[PDB]
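J.:
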Amino acid sequence: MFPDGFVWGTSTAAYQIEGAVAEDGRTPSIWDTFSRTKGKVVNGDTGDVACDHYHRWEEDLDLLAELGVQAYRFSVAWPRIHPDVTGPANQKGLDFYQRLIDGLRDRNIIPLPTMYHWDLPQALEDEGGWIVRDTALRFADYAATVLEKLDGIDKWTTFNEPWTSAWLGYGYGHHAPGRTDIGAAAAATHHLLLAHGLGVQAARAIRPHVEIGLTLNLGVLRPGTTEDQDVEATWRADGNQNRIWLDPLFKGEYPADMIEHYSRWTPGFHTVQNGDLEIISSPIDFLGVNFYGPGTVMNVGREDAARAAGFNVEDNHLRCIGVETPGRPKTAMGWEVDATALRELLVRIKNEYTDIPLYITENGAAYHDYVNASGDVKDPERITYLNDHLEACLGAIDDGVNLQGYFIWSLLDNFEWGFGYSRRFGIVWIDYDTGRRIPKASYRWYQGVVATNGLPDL
Amino acid sequence: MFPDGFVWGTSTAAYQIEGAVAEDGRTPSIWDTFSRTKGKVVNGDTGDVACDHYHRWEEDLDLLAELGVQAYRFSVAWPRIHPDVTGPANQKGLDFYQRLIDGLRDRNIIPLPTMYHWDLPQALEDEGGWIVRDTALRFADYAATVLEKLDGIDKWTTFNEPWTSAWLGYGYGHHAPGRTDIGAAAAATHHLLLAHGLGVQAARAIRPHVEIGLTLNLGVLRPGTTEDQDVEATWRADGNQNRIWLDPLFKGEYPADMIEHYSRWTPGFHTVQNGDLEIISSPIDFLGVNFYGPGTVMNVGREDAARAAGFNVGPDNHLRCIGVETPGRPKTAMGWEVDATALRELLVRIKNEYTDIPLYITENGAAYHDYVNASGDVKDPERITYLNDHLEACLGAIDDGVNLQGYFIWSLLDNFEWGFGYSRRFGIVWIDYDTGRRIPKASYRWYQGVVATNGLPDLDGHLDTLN
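Residue numbers (our numbering), protein chains in the order written: chain A, 1 to 458; chain B, 459 to 925.
1) Which two residues bound the contiguous alpha helix (DSSP H) that contains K251 of chain A?
2) Which value, in whole angstroms, describes the spacing of the CA atoms of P162 of chain A and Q201 of chain A?
3) Rounded C-beta distance between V887 of chain B and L870 of chain B? I'm assuming under 8 angstroms.
4) Where does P162 of chain A sit, in a helix, a strand or coil, going by DSSP?
5) Specify, as a first and last residue, the run of the beta strand (DSSP E) that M573 of chain B falls within.
6) At which residues does the alpha helix (DSSP H) containing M258 of chain A begin and terminate?
7) Please say whether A365 of chain A and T325 of chain A have beta carbons closer to each other than 9 angstroms?
8) So the candidates are B:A601, B:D838, B:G879 and B:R591; which of them puts its Cα closest to the Cα of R494 of chain B?
9) Determine the direct distance from the alpha carbon of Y530 of chain B to that of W8 of chain A, and round the result to whole angstroms.
10) Determine whether the beta carbon atoms of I280 of chain A and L147 of chain A lie at a separation below 9 angstroms.
11) Put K378 of chain A into one of helix, strand or coil per three-state DSSP.
12) Check the C-beta distance from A535 of chain B over to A472 of chain B and give it rounded, since I have them as a contact under 8 angstroms.
13) What do you reckon, are the CB atoms on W723 of chain B and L650 of chain B nearer than 9 angstroms?
14) Could you check which residue in A:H209, A:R348 and A:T452 has the C-alpha nearest to that of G5 of chain A?
15) Measuring straight from C-alpha to C-alpha, what distance separates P83 of chain A and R26 of chain A?
16) On a CA-only basis, which of A:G268, A:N372 and A:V41 is nearest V507 of chain B? Give me that one, please.
17) Of all the alpha helix (DSSP H) runs that stay within the bounds of the segment 27 to 59 of chain A, which reach a length of 4 or more residues?
18) Considering only the alpha carbon of each residue, which of B:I539, B:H648, B:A480 and B:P915 lies closest to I717 of chain B?
19) By the criterion of Cβ-Cβ separation under 7 angstroms, what are the contact partners of residue 488 of chain A in chain B?
20) In terms of alpha-carbon separation, which member of B:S623, B:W693 and B:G877 lies closest to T684 of chain B?
21) So, does the segment 382 to 399 of chain A touch the segment 150 to 157 of chain A, judging by three or more C-beta pairs under 8 angstroms?
22) According to a CB-to-CB cut-off of less than 7 angstroms, which residues of the segment 418 to 449 of chain A neighbour chain B?
23) So who's on the other strand from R680 of chain B, going by DSSP bridges?
24) If the cut is a Cβ gap below 7 angstroms, which residues of chain B does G375 of chain A touch?
25) Using 8 angstroms as the cut-off, can you tell me whether the segment 166 to 176 of chain A makes contact with the segment 118 to 136 of chain A, which would need three or more C-beta pairs spanning the two stretches below that distance?
26) List the DSSP bridge partners of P439 of chain A.
27) Just mark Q474 of chain B as buried or exposed, buried being the case when its beta carbon has 16 or more other beta carbons within 10 Å.
28) Since I believe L674 of chain B is in contact with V730 of chain B (beta carbons under 8 angstroms), could you give me their beta-carbon distance rounded to a whole number of angstroms?
29) Which whole runs of the beta strand (DSSP E) in the segment 723 to 806 of chain B are 3 residues long or more, in chain order?
30) Quick check on DSSP: helix, strand or coil for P121 of chain A?
31) Pick out whichever of A:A186, A:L198 and A:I212 has its Cα sitting closest to the Cα of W245 of chain A.
32) Along the alpha helix (DSSP H) that carries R563 of chain B, what are the first and last residues, could you check?
33) Using the beta-carbon of each residue, which ones in chain E are nearer than 8 angstroms to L924 of chain B?
34) Would you say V300 of chain A reaches chain B, if we count a Cβ-Cβ gap shorter than 9 angstroms as a contact?
35) For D230 of chain A, I'd like the list of residues in its chain whose CB is within less than 6 angstroms of its CB, leaving aside the five on either flank, ordered along the chain.
36) When you compare the CB of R765 of chain B with every CB in chain A, is at least one pair closer than 9 angstroms?
So, in structure tokens, the structure goes:
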């Protein structure tokens, strides 16, 4: 049912699956130090070993080959390429990824590498991190090195979810580096987008050749009630989630109301200099989209109207709360499931912002899997999840949205950040103590979807 | 911190850990046929292989000895002992449990076997199951067989959670045999209690010196509001959960208000013949107590007033009452609300309203989503936090004057969690089912110290060693 040249695939990160945090001269990133700080990650889990992808890379390529995907999305580690941030390129770090790229090209699998998947070197974090403009500058120097040295790449991705690096990392303190400062996150918002622009600019100079875009975790947010108080609150969360990223990238300006909302904090958007938006709005070839589930939104301190509307129910700077729908399915993360939201998102991007090729670079869900007596890992709710969301994509394509790809998160059960290894997104099960790869029911089901280029009827 | 002769232990069940369902002449139990039915258990799971404790019994005994516990609860499988109930005892079945009991005493661990843990033979179910009276009689013969032919047992248990056997099995259809009939469950209620009573009396004649009791899963139910409507709705829910068991056992009568409530369904409590209540109320030496957490109760069709009060609610009802979730309180992997202070109220209530006999927490524990890490460990801090808080409440009960003389953690092994298959994990020992491998969790090492020191270490301090 899908188009002729539809790109199937699956996504991973660097820190989440690679491991070998010290091998070949790799320096500790912000997640090395954040995970080793107590109370930050469940059970004090770190990414020292993880899936051990750094050694078992050739096994994972063969899994991709047997799965039969057209493209494999992954991340290149900043601390591997430039351990010395200002210093020269570490050849050992460049050799690992080139070998990975070459292996993928051998199996006729298109590599889609990401420059930044939240693993910022600690040395830049000590000097302010994304709060300061300097870090955005030395990303471009990192980006340029990876743009020039690594060959065999046609498509590049600058950033993976700038919202999470900034607002969870500096705003709420869930992710690395783990600060609780609004002005710090609003500053990171600009400098991440700026560093994206510099990455795109670095691309067009070194490699006119290659297409380059970025990955965003955009959200679909719905008002719980139709009152002003609740609808306006939905508009604030929408702006923070989407519009403070989409408007700069595709219209060269920040939203008026979000700038007005974030006018209070410092540094924040005081770091916005004249000419930055022209850098940020550098024309990109494609847009990466990360969706999981929508969110019913109401105003802050509006719990009674929420419960009176039939719903169920870290400082609220956005002045809005999320509310739960009783009947709606949830994942192991606690996120609601509604495939129709993915359609609403892709159609909105088509209409309001950009008409460039779109790729679902990250779509999946956590479920509590286990190896049963026979040795199989049965996850029917993940298959249902992937299937339901893919029929939404079929609808978006029927609507006329330029959707040219889909990527399942993830290939492997990985280090799920704040929750450590206690949440599993992969379609391939992992025994962390041994490093064994057990394909789940999803892998087998997805293999049929990929090969036949369409969804089998369950 | 705890009393001197306090008995620490841990509990298991027959069908949940043993496996080898079609070996040595063992016949299908109700959970054999139930789990093999379409869409009764998660992912179509059964107890065919399970923890493979039937072949790995000696390994688990060694774990029990290394854990340092004074006792170990387990279930003796009815279908393994009497494949055909009309027929004689399967010797191969008897020798498995005798060798297990011998191994327990050789490792100086007190054996506390349970006659019935929900594995009623399928042949008995086909003839009505616990609905009919003859099933209760056939149990007395079964109890007689095990009481006689198994040596080394000082403390016996007749039934593990009659409520779950009756109401989840015959009333709501969530458990084996899977029936949805109120009269059937009310009948099973009486015949389970009757089978316990006959089992107690059978003990007095065959093994005079042994102590015997039963295991009940009692609940602590709080009214959602202070209105008459919800308080009385909780009183109905309390009758089903607690009082239609406690009053027959310790008062020798059914609660009048519950008899009036259940009179409309047949067979129900019309199956009560003359002199049953005296059999049911046969004096028992101890009472097994199961508790996992409380539940807030409100009247039926009162979802709106619940949300108005500040609760969360989801989307027949013979008890005419619903459950509501207090949003603030923590949940386990099951979804059950955690509140250790409720266990203290339950124990004190049993002391005041009913009996002063020795009590044992035969089942207490929680389910969480454990995982084997790169270091090979299975750290479960929330389970340590759970057990600690509940043990702190036990020390309160013991201070209050409650005759609590023991404590058993559910469970020893990550086993077949009935309806939820292997997807939910309760144990203190992780299980790799595909190989059969066993990995003691952080709770095991925590409990190992608690049992050894006979007291609770600092909770926040011990969590620091698990990072």
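Quick reminder that beta carbons are idealized off the backbone N, C-alpha and C, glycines included.
T.: Working from what's here:
1) Element bounds for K251 of chain A: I244 to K251.
2) The straight-line gap separating the alpha-carbon atoms of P162 of chain A and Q201 of chain A is approximately 18 angstroms.
3) At roughly 6 angstroms, the Cβ-Cβ gap stays under 8 angstroms, so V887 of chain B and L870 of chain B are in contact.
4) DSSP places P162 of chain A in helix when its eight states are reduced to three.
5) Here the beta strand (DSSP E) through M573 of chain B covers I568 to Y574.
6) DSSP places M258 of chain A inside the alpha helix (DSSP H), whose first and last residues are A256 to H261.
7) With respect to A365 of chain A, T325 of chain A sits apart: the two C-beta atoms are not nearer than 9 angstroms.
8) Looking at the Cα atoms, B:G879 is the closest of the given residues.
9) Answer to the nearest angstrom: the Cα atoms are 53 angstroms apart.
10) At a Cβ-Cβ threshold of 9 angstroms, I280 of chain A and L147 of chain A do not count as neighbours.
11) Assigned with DSSP and collapsed to three states, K378 of chain A falls in coil, not helix or strand.
12) Rounded, the Cβ-Cβ distance is 4 angstroms, consistent with contact.
13) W723 of chain B places its beta carbon 9 angstroms or farther from that of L650 of chain B.
14) Distances from the CA of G5 of chain A to each of A:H209, A:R348 and A:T452 were compared; the closest alpha carbon is that of A:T452.
15) Just so you know, the alpha carbons of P83 of chain A and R26 of chain A end up roughly 6 angstroms apart.
16) Of A:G268, A:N372 and A:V41, the residue nearest in Cα terms is A:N372.
17) The DSSP assignment places complete alpha helix (DSSP H) segments of no fewer than 4 residues inside the segment 27 to 59 of chain A at 30 to 35, in order along the chain.
18) Considering only alpha carbons, the answer is B:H648.
19) The structure shown does not extend to residue 488 of chain A, since chain A is modelled only from 1 through 458, so no value can be given for it.
20) Comparing C-alpha distances from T684 of chain B to each of B:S623, B:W693 and B:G877 shows the shortest one belongs to B:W693.
21) Short answer: they don't touch.
22) Those residues of the segment 418 to 449 of chain A that come within reach of chain B (Cβ to Cβ, closer than 7 angstroms) are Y421, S422, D431, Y432 and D433.
23) Bridge partners of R680 of chain B: B:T754.
24) Within chain B, the residues near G375 of chain A are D892.
25) Yes, they touch.
26) For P439 of chain A, which the question treats as bridged, DSSP gives the partners A:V428.
27) Under this definition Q474 of chain B is a buried residue.
28) Incorrect: roughly 19 angstroms between the Cβ atoms, too far for contact.
29) Those beta strand (DSSP E) runs which fall completely within the segment 723 to 806 of chain B and span 3+ residues are 744 to 748, 753 to 757 and 779 to 782.
30) In the three-state scheme derived from DSSP, where H, G and I count as helix and E and B as strand, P121 of chain A is classed as strand.
31) Closest option to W245 of chain A, Cα to Cα, is A:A186.
32) Segment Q549 to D564, the alpha helix (DSSP H) holding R563 of chain B.
33) Protein chains in the displayed structure are A and B, and chain E is not among them.
34) No - not a single Cβ of chain B is within 9 angstroms of the one on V300 of chain A.
35) The beta carbon of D230 of chain A is closer than 6 angstroms to those of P223, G224, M298 and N299 in its chain, skipping five residues each way along the sequence.
36) Chain A contact via Cβ: present.
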